[PDB]
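Written below as structure tokens is the structure these notes are about.
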Amino acid sequence: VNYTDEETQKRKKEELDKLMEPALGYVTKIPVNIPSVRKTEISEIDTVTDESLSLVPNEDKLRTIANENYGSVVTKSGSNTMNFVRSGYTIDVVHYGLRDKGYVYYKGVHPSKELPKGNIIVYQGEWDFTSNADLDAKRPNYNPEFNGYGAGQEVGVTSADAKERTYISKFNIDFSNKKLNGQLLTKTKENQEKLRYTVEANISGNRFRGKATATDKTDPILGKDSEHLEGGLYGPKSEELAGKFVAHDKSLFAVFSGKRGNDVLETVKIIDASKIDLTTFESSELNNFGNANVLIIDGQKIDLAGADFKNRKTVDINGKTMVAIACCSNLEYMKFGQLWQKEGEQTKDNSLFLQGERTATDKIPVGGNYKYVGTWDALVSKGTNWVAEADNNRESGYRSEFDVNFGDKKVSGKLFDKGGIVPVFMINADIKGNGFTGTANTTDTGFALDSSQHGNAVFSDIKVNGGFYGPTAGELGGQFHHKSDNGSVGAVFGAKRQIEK
């Protein structure tokens with residue numbers, strides 16, 4: 001007898017919900033019935049963490065099984081059309097028996113940090129799917145759509161098993177309203193299109209969450225709705241998208257991909273997420289899906305929220321032990337802080353990081369003068385290392401204070417050492433869109449690294465990049481960095497808008 005875990009509808013729902021988590025990609029295994037069971041649901045749905053488009057998920061393992069047992073692996077990725085996303089399958093087309101038949105997947109690169117400012121933008125692409133395996137699901141021994149005897153009965157049937165059919169996808173993305181509609185079609189050799197699903201989703205960050213509605217509930221393979229469709233926009237300015245949905249009965253796993261035309265569109269930043277390497281003082285980008293309170297390292301997530309003012313989070317990723325100090329608890333829409341790899345008592349790859357969810361451009365205050373109070377993190381290196389570490393002291397801590405004039409579109413700021421009553425860094429920037437750009441300066445003679453003859457640090461007009469974050473730009477953050485021989489600095493800062501008592 002075949003004993004399996006009883007699952008409540010609750011548990012099932014939760015399991016589906018967990019699949020809605022953003023990721024670079026997803027991949028599932030095509031269900032193959034063991035001889036004793038009549039039905040095998042889709043279940044092995046794994047996230048994808050690798051950032052290489054050329055790497056096809058589990059094509060390695062499938063190749064292997066196609067080697068030991070003889071085998072013929074065919075891989076469809078849509079690599080000849082897409083630049084940032086890959087979707088499709090890798091499948092042993094000569095499959096028999098009980099070994100792996102293959103996998104269906106999507107994956108992407110550079111989760112978009114810029115979106116088209118508005119309007120409806122069309123994305124065209126393709127989609128693929130795998131069914132579950134079921135003997136008692138009225139799947140015909142001859143299928144007019146899918147090759148072979150009893151497709152979908154013992155082994156999941158895929159888009160690869162389709163008789164002279166192409167599986168096209170079309171999307172309308174309303175960037176003004178952050179809504180998304182779409183059609184998944186099947187075109188025949190006679191160039192006749194058949195709608196199979198319609199999709200609807202809402203956009204948060206660079207991800208969209210919604211549903212796929214099966215247009216023909218009488219279809220034994222493609223006839224079940226999905227309330228669990230999730231995907232993302234990929235490419236620096238949302239050039240492409242890819243995503244997936246799962247049928248509510250786990251009887252279908254579909255992936256899809258789209259790409260917009262060449263019409264040059266005005267974009268807007270929605271996400272800031274980068275790090276400054278504290279030994280080269282270069283700034284690199286971080287992957288991020290629009291949630292500033294999560295840090296994406298090597299395709300795996302790290303929650304930064306905590307009960308303290310700032311919080312230390314230690315997470316193991318690919319053997320690498322990562323430690324991140326993330327500030328602050330009063331910042332709902334941004335985080336910044338320290339990030340390194342733990343090497344026993346040593347620490348490598350030291351870096352500062354900043355993340356924030358940019359305010360809607362049309363929601364930036366047109367006028368008014370506001371104070372922003374927060375803190376900062378920094379490393380200055382000139383023979384010795386001066387350091388700023390985020391804290392909760394408004395009076396004598398490592399303060400950061402900001403006067404924002406939304407009328408004159410200017411930002412003035414002071415970055416204090418602790419105890420000091422004069423700032424060691426001074427920021428002047430100009431507001432454009434939902435960001436600001438400027439300069440950080442030391443005083444004419446700068447500030448001392450250690451409190452004679454200990455050195456003085458001096459920095460002239462270092463580029464400052466920053467943004468406003470939150471629904472109404474009530475939070476602000478920024479970074480600056482510079483490496484030379486007369487001295488180097490990496491710094492990130494964050495501040496919360498004030499009201500007077």
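Residue numbers start at 1 in each chain; chains themselves are named A, B, ... in the order of the structure tokens; ligands are numbered from 1 in the order shown.
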For segment 125-128 of chain A, please output as a PyMOL selection string all residues within 9 Å (counting only C-alpha atoms; exclusion window: fewer than 2 positions along the same chain). chain A and resi 78+81-82+87-89+104-105+123+130+158-160+166-171+184-185+253-260
Residues of segment 26-57 of chain A that have any atom at most 12 Å from an atom of segment 238-245 of chain A: could you tabulate them with the shortest-distance atom pair and the distance in Å to one decimal, using only C-alpha atoms, ordered by chain and increasing number, as a tab-separated table?
```
residue	atom	partner	partner_atom	distance
A:26	CA	A:244	CA	7.8
A:27	CA	A:244	CA	9.4
A:28	CA	A:244	CA	10.6
A:42	CA	A:245	CA	12.0
A:45	CA	A:244	CA	11.1
A:47	CA	A:244	CA	11.6
```
Using only C-alpha atoms, determine which residues lie at most 10 Å from residue 411 of chain A, disregarding the query and same-chain residues fewer than 3 positions distant; provide the list as a count of residues only. 16
Please identify all polymer residues within 7 Å of residue 208 of chain A, counting only C-alpha atoms, omitting same-chain residues fewer than 4 positions from it, and present them as an NGL selection string. :A and (201-204 or 230-232)
Go ahead and write the residues just picked, N, CA and C atoms, as a tab-separated table (two decimals), in the first residue's frame.
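The resulting out29.tsv:
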```tsv
chain	number	residue	atom	x	y	z
A	201	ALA	N	-2.81	40.58	-13.29
A	201	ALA	CA	-1.94	40.68	-12.14
A	201	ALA	C	-1.71	42.13	-11.76
A	202	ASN	N	-1.31	42.34	-10.51
A	202	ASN	CA	-0.96	43.66	-10.04
A	202	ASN	C	0.53	43.75	-9.84
A	203	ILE	N	1.10	44.92	-10.09
A	203	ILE	CA	2.54	45.09	-9.95
A	203	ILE	C	2.91	45.76	-8.63
A	204	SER	N	3.77	45.09	-7.88
A	204	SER	CA	4.45	45.67	-6.74
A	204	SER	C	5.95	45.51	-6.95
A	230	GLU	N	2.68	34.34	-10.46
A	230	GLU	CA	3.66	35.34	-10.04
A	230	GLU	C	4.75	35.42	-11.08
A	231	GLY	N	5.21	36.63	-11.35
A	231	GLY	CA	6.36	36.79	-12.21
A	231	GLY	C	7.06	38.09	-11.94
A	232	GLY	N	8.07	38.39	-12.75
A	232	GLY	CA	8.79	39.63	-12.61
A	232	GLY	C	9.14	40.29	-13.93
```
Where in segment 147-342 of chain A does DSSP assign strand (DSSP E or B), given as an NGL selection string? :A and (149 or 155 or 158 or 162 or 166-174 or 179-187 or 193-204 or 207-214 or 226-234 or 240-246 or 252-260 or 267-269 or 271-277 or 283-285 or 294-297 or 300-303 or 310-317 or 320-327 or 334-342)
Export of prior selection with C-alpha atoms as a compact mmCIF listing (two decimals), in the first residue's frame:
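Dumped everything to part-v3.txt:
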```txt
# COMPACT_ATOMS: atom_id res chain seq x y z
CA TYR A 149 -0.97 7.51 -27.02
CA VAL A 155 3.60 11.09 -17.57
CA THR A 158 4.19 19.40 -22.06
CA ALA A 162 2.38 19.50 -29.12
CA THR A 166 3.11 27.21 -31.11
CA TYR A 167 2.44 28.68 -27.68
CA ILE A 168 2.41 32.46 -27.85
CA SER A 169 1.94 34.99 -25.05
CA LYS A 170 0.77 38.59 -25.21
CA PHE A 171 0.63 41.09 -22.35
CA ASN A 172 -0.66 44.59 -21.78
CA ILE A 173 1.04 46.23 -18.85
CA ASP A 174 -0.65 49.35 -17.52
CA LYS A 179 -1.98 46.54 -13.56
CA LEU A 180 -1.35 43.73 -16.02
CA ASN A 181 -3.54 41.74 -18.38
CA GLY A 182 -2.54 39.01 -20.78
CA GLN A 183 -3.44 36.20 -23.14
CA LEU A 184 -1.82 32.79 -23.50
CA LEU A 185 -2.60 31.36 -26.93
CA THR A 186 -2.03 28.29 -29.02
CA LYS A 187 -1.51 28.84 -32.76
CA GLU A 193 -5.16 31.26 -32.67
CA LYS A 194 -6.88 29.70 -29.67
CA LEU A 195 -7.01 31.55 -26.35
CA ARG A 196 -6.17 29.12 -23.52
CA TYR A 197 -5.71 31.41 -20.52
CA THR A 198 -6.24 35.05 -19.70
CA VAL A 199 -4.04 36.51 -16.99
CA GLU A 200 -4.48 39.45 -14.63
CA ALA A 201 -1.94 40.68 -12.14
CA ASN A 202 -0.96 43.66 -10.04
CA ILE A 203 2.54 45.09 -9.95
CA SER A 204 4.45 45.67 -6.74
CA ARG A 207 7.06 41.76 -9.53
CA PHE A 208 3.48 41.00 -10.47
CA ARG A 209 0.99 38.83 -8.60
CA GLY A 210 -2.31 37.59 -9.95
CA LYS A 211 -4.32 34.86 -11.58
CA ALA A 212 -4.65 32.83 -14.74
CA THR A 213 -8.18 31.96 -15.83
CA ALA A 214 -8.56 28.92 -18.07
CA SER A 226 -4.86 29.50 -11.11
CA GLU A 227 -4.98 31.99 -8.27
CA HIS A 228 -1.22 31.66 -8.00
CA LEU A 229 0.44 33.48 -10.85
CA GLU A 230 3.66 35.34 -10.04
CA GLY A 231 6.36 36.79 -12.21
CA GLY A 232 8.79 39.63 -12.61
CA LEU A 233 9.99 42.40 -14.87
CA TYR A 234 13.62 41.85 -15.90
CA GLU A 240 11.29 41.88 -20.60
CA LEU A 241 9.24 39.80 -18.20
CA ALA A 242 8.95 36.19 -17.21
CA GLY A 243 6.80 34.28 -14.76
CA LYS A 244 4.71 31.29 -13.83
CA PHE A 245 1.39 30.07 -12.59
CA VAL A 246 0.31 26.92 -10.79
CA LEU A 252 -0.51 22.34 -14.37
CA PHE A 253 2.69 24.33 -14.03
CA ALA A 254 3.05 27.00 -16.68
CA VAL A 255 5.89 29.39 -17.40
CA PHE A 256 5.87 32.39 -19.71
CA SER A 257 8.02 35.22 -21.05
CA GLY A 258 7.47 38.50 -22.84
CA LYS A 259 9.49 41.27 -24.45
CA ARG A 260 8.40 44.77 -25.42
CA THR A 267 11.57 55.31 -17.30
CA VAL A 268 11.44 56.00 -13.55
CA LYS A 269 13.39 54.42 -10.70
CA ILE A 271 14.13 50.60 -6.46
CA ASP A 272 17.50 51.51 -5.02
CA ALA A 273 19.65 48.54 -4.03
CA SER A 274 23.43 48.60 -4.14
CA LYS A 275 26.57 48.04 -2.12
CA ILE A 276 29.94 49.73 -1.70
CA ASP A 277 32.88 47.32 -1.40
CA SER A 283 29.64 50.51 -6.03
CA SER A 284 27.94 47.41 -7.42
CA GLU A 285 24.24 46.70 -7.87
CA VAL A 294 14.81 41.96 2.26
CA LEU A 295 18.39 41.54 1.08
CA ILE A 296 19.03 39.26 -1.90
CA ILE A 297 22.43 37.58 -1.69
CA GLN A 300 18.63 33.85 -1.65
CA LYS A 301 16.70 36.15 0.66
CA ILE A 302 17.63 37.67 4.03
CA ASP A 303 15.01 39.36 6.21
CA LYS A 310 19.08 48.12 14.06
CA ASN A 311 19.48 44.36 13.81
CA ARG A 312 22.23 41.83 13.19
CA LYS A 313 21.18 39.03 10.87
CA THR A 314 23.33 36.00 10.17
CA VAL A 315 22.35 33.70 7.31
CA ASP A 316 24.12 30.80 5.62
CA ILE A 317 24.10 30.96 1.81
CA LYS A 320 29.19 31.39 2.73
CA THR A 321 28.21 32.68 6.17
CA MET A 322 26.77 36.16 5.71
CA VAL A 323 26.33 38.81 8.38
CA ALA A 324 24.34 41.97 7.84
CA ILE A 325 23.65 44.82 10.24
CA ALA A 326 20.50 46.54 9.04
CA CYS A 327 19.11 49.89 10.17
CA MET A 334 14.37 51.55 3.28
CA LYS A 335 17.26 49.77 4.97
CA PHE A 336 21.01 50.32 5.01
CA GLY A 337 24.03 49.03 6.87
CA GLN A 338 26.91 46.59 7.00
CA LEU A 339 27.40 43.37 5.07
CA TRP A 340 30.28 40.90 5.21
CA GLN A 341 31.16 37.21 4.98
CA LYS A 342 32.17 35.49 8.22
```
Would you mind listing what lies within 9 Å of residue 34 of chain A as a list in words, with only C-alpha atoms counted and same-chain residues fewer than 3 positions away left out? residues 37, 38, 39, 40, 97, 98 and 154 of chain A
Choose the residue, out of A:93, A:423, A:99, A:444, that has the smallest atom-to-atom separation from residue 161 of chain A; count only C-alpha atoms.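 Once distances to residue 161 of chain A are computed over only C-alpha atoms, the minimum belongs to A:93.
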Which residues are near segment 485-496 of chain A? Cut-off 7 Å, only C-alpha atoms, ignore same chain within fewer than 3 positions. Put them as a ChimeraX atom specification. /A:276,278,281,331,336,352-354,372-382,400,457,474-482
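In this comparison, which uses only C-alpha atoms, the residue of A:420, A:467, A:433, A:118 approaching residue 447 of chain A most closely is A:420.
Candidate residues A:219, A:5, A:249, A:401 were compared for distance to residue 140 of chain A, and the nearest is A:219, using only C-alpha atoms.
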